[PDB]
């Protein structure tokens, strides 16, 4: 358990790493032929188990378990504890397209609260909700409820509510790089990025205006597209990016990366990145951050 987490930071982290789930399972023992499970979950590398424990003690709900050999998950499916999930995201709402999945999570909750999921009509309604939730219905499930079921939902278009949301979100999707551009041989270039699918291009473009710096570049890995918000101008990094996250502390192992990233920022501010000894200090910091930690 230990340290508690700021609710807006938590909402930002959920916008990045969270996921809502609605299981509609074939069940011979169910009077209606199907059983259900509803909840919310976060899966992270083992190195960030403390985040899941901090979230757990912030809400006082959820179960932590291994997720393979290198990951760990927090899952909330106990029905009464879903009220906590609902109460949090009502007070601290999501702003990515995942908000649409939360809204469906709510509809499914209402059905199950009335116990309608134990009847034919309630299961049917849960199939309709799941058709729009995340990756939708399997072919088997779709064929089991023969009816014109829409897969579309309202697109979410909301603005960053505050710097705390950005800290939680950046704690998930952010990246702090000490780029060693290979005449001392090396030009140290600090880089800050935030990655996200094109489905939230509106949100990504606002980062430029919201933070007053940076560029947007599109990426394409075969049939997959995503956006990268990138800042490299030192003064923007020193005056606009660093103070934001100094004032709104990151969580997880990435905080150490930001801290080291700030050490190099101070060396650069003092021109020591142009000295042989200063450069050696920077190369040593870089080796022990991000994947090298």
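Positions refer to the first chain, counted from 1.
*Asks:* Which class fits the unmodelled deposited stretch between residue 182 and residue 183: none, 1 to 3, 4 to 9, or 10 or more?
*Replies:* Unresolved stretch here: 1 to 3 residues.
*Asks:* Given the B-factors recorded for C-alpha atoms, which segment has the greater mean, 48-56 or 261-269?
*Replies:* Higher mean C-alpha B-factor: 261-269.
*Asks:* Comparing 153-161 with 130-138, which stretch shows the greater average C-alpha B-factor in the deposited entry?
*Replies:* Higher mean C-alpha B-factor: 153-161.
*Asks:* Quiz for you: based on the deposited Cα B-factor, which of 73, 220, 170, 107 is highest?
*Replies:* By C-alpha B-factor in the record, 220 ranks first.
*Asks:* From the list 166, 95, 84, 188, select the residue with the highest C-alpha B factor recorded in the entry.
*Replies:* In the PDB entry, the greatest C-alpha B-factor among 166, 95, 84, 188 is found at 188.
*Asks:* Sorting the chain's CA B-factors, does residue 88 end up in the lowest, middle or highest third?
*Replies:* Residue 88: CA B-factor falls in the lowest third of its chain.
*Asks:* Among the chain's modelled residues, which third holds the C-alpha B-factor of residue 25?
*Replies:* Ranked within chain, residue 25 CA B lands in the middle tercile.
*Asks:* What third of its chain, lowest, middle or highest, does the C-alpha temperature factor of residue 234 fall into?
*Replies:* It falls in the top third of the chain.
*Asks:* Could you look up the Cα B-factor of residue 67 in the entry and say which third of the chain it sits in: lowest, middle or highest?
*Replies:* Middle third of the chain for residue 67's C-alpha B-factor.
*Asks:* Going by the CA temperature factor in the PDB record, which third of the chain does residue 125 belong to: lowest, middle or highest?
*Replies:* Its C-alpha B-factor, which the entry lists for residue 125, ranks in the middle third among residues of this chain.
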